[PDB]
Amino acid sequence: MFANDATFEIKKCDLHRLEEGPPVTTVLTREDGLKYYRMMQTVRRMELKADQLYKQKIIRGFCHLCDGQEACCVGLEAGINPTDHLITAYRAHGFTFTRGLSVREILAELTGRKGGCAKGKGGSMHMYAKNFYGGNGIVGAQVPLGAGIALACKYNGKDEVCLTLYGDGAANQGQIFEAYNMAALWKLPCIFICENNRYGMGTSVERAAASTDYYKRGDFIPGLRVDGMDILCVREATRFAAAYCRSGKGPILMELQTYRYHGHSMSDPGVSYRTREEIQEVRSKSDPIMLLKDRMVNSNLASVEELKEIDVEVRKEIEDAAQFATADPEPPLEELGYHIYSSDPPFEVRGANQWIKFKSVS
């Protein structure tokens, strides 16, 4: 006999121009808990597998991993509807899964095979899904795009919101400040989210930002700072920020304090600008998955043995996906020119000299 649910304390958010923030208590059901645990573990194991495949040279170019930040993608999804919108930068494999793509499609995209979610056209940085707009490789560029998606939610009148994510490094891009001003001016249902993992590539927050209170950089935009290692903190803050945008009050900034265990990308060992001890300590004391596991077990929502059975099932899902991604064929060369334009008749695309022609179909 497990508990059907339990009540948990969550850290109080720091507030900027808000007289009240998210609650400091929440109820988690056994059912929701097993779900979040499974999703976070699936993301973690997917990322570890990508690291493997990269080292085996089955993935190339960019591979930015989100391990350590699983309370963010899973917590954010836990606080919004399937009909809400989300856009992020290139560290997107987790959000690609939480917004509903399979591990198979994600890994086959990384391995550059036709079974990929973009048929091997996009690679790590450019994956899309229903109400998930990438997967954006130019730092900060996705922020005005998110505000525009929020503009469309308001135009269409269906009470949908858009979560618009950028990292700490991105936070110093001028277009983000341009977007804050217009979102405030037009009361756009845009939730600006700074995923603060302490480093923008190799540059710590203290060395890039004159002020490292990201949740206050919106200035006239209200903000909250949230513990992004705690899936329940993230979920509560997200529910609060979405209710805020749905009520017509306009945009809000949420800073998620989180941490990446890997380097900036597969090419960055991740240790010239921080210590291995720093990383180990974060992981040892505030890993998002161990934090939930402890909560569930100690409140009788689930057993050590249950969670271990989920781990075994996730491992088989990740192994199956990896086998598919490594055996699936590359896309056929004849499709090189496909999908340049939407809704157009076929045309020809010039290859490497004038005698090479590729058919382009929409």
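From 1 onward, residues are counted along the sequence shown.
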Are coordinates for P269 absent in a third or more of the other compared PDB entries?
yes
Does the comparison with other PDB entries of this protein show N156 lacking coordinates in a third or more of them, where both adjacent residues are built?
no
Avg C-alpha B-factor, entry values, 63-71 vs 324-332, higher side is 324-332
Of 115-123 and 229-237, the stretch with the higher mean C-alpha B-factor in the deposited entry is 115-123
Note to self: of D168, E77, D287, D219, the C-alpha temperature factor tops out at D219
The residue of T275, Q257, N181, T88 with the maximal C-alpha B-factor according to the PDB record is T275
For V161, the third of its chain by CA B-factor is the middle
So, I58's CA B-factor, relative to its chain, sits in which third? The highest
Of the three thirds of Cα B-factor ranks in this chain, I193 occupies the lowest
So, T42's CA B-factor, relative to its chain, sits in which third? The lowest
So, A210's CA B-factor, relative to its chain, sits in which third? The highest
